[PDB]
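Chemist: Dropping the structure in here first, questions after.
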Amino acid sequence: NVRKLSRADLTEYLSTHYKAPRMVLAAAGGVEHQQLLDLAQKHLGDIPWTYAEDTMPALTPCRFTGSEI
Amino acid sequence: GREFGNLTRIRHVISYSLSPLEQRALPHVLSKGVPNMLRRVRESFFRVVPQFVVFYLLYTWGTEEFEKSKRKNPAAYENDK
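These protein sequence lines are chains L and C, in that order. Numbering-wise (the authors' numbering), the first sequence opens with residue 207 and increments by one. Numbering-wise (the authors' numbering), the second sequence opens with residue 2 and increments by one.
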């Protein structure tokens, strides 16, 4: 796969999965919360949130098998 | 002596298995097993059967001959008087 993956695949991956309601901005240490929130609105507030066409891929539900390799 | 720790030396073989409770015990009989039995009969027919056929012919012949031998011969009384 790595010898065959293209820029189209990378950009499609990003466009489909990297959406605001799936993200968390976390901080620990000598950080004040309201300052972090102001900076977050300034530098992260333009990330989109509208999942489009439900473009997200369909995938198989979970199952566990007793087996050996 | 012979023990599952040191029987032989092998490299680069991979195996895969399911558990018995995941799969069926008699999965495909009439679509796979029956034809297989048929070819298995085909591959051995002419190496086994003709000898027994010959035995059967010999048996029947020998029986018939023995049973003929017990019947009275007309020439034993008709020939000379």
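Where is the CB? At the ideal position from N, CA and C, for every residue including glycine.
Check for me: the alpha helix (DSSP H) holding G63/C runs from which residue to which?
Modeler: As a first step, residue 63/C must be located in the second sequence, where it is residue number 62. It spans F46 to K69 - the alpha helix (DSSP H) in which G63/C sits, taken as one unbroken run.
Chemist: Just how far apart, CA to CA, sit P28/C and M229/L?
Modeler: As a working note, residue 28/C is residue 27 in the second sequence. As a working note, residue 229/L is residue 23 in the first sequence. Their Cα atoms are separated by approximately 48 Å.
Chemist: Would you be able to state if there are at least three C-beta pairs under 8 Å between the stretch 228 to 244 of chain L and the stretch 208 to 218 of chain L?
Modeler: no
Chemist: Assess, as a yes-or-no matter, whether the stretch 16 to 32 of chain C is touched by the stretch 259 to 266 of chain L under the definition of 3 or more beta carbon pairs within less than 8 Å.
Modeler: The stretch 259 to 266 of chain L makes no contact with the stretch 16 to 32 of chain C; the number of CB pairs closer than 8 Å stays below 3.
Chemist: Using a Cβ-Cβ cut-off of 8 Å, state whether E259/L counts as contacting chain C.
Modeler: The residue you call residue 259/L lines up with position 53 of the first sequence. So no, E259/L is outside the interface.
Chemist: Between which two residues does the alpha helix (DSSP H) holding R213/L run?
Modeler: Stepping through the first sequence from its first residue, residue 213/L is reached at position 7. First-last of the alpha helix (DSSP H) with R213/L: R213 to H223.
Chemist: Near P254/L, what residues of its chain come up, given a Cβ to Cβ distance below 7 Å and the 5 sequence neighbours on each side ignored?
Modeler: Here residue 254/L refers to the residue found at position 48 when the first sequence is read from its first residue. Excluding positions up to five away in sequence, the list reads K225 and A226.
Chemist: Quick check: what's the CA-CA separation for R10/C versus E4/C?
Modeler: Within the second sequence, residue 10/C is the residue found at index 9, counting from 1. Within the second sequence, residue 4/C is the residue found at index 3, counting from 1. Whole-angstrom Cα-Cα distance: 13 Å.
Chemist: Do the CB positions of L231/L and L250/L come within less than 8 Å of each other?
Modeler: Start at 1 with the first residue of the first sequence, and residue 231/L comes out as number 25. Start at 1 with the first residue of the first sequence, and residue 250/L comes out as number 44. In this structure, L250/L lies closer than 8 Å to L231/L by Cβ.
Chemist: From the DSSP output, which residues share a beta bridge with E274/L?
Modeler: As a position in the first sequence, residue 274/L is number 68, starting the count at 1. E274/L is bridged to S18/C.
Chemist: Looking at the structure shown, is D244/L part of a helix, part of a strand, or coil, going by DSSP?
Modeler: Numbered from its first residue, the first sequence carries residue 244/L at position 38. Note: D244/L maps to helix in three-state DSSP.
Chemist: Name the two residues that bound the continuous alpha helix (DSSP H) containing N7/C.
Modeler: By 1-based counting over the second sequence, the position of residue 7/C is 6. Unbroken run through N7/C: none, as it is neither H nor E.
Chemist: Alpha carbon to alpha carbon, what distance is there between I15/C and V50/C?
Modeler: Within the second sequence, the letter at position 49 stands for residue 50/C. Within the second sequence, the letter at position 14 stands for residue 15/C. Straight-line Cα distance between these residues: approximately 42 Å.
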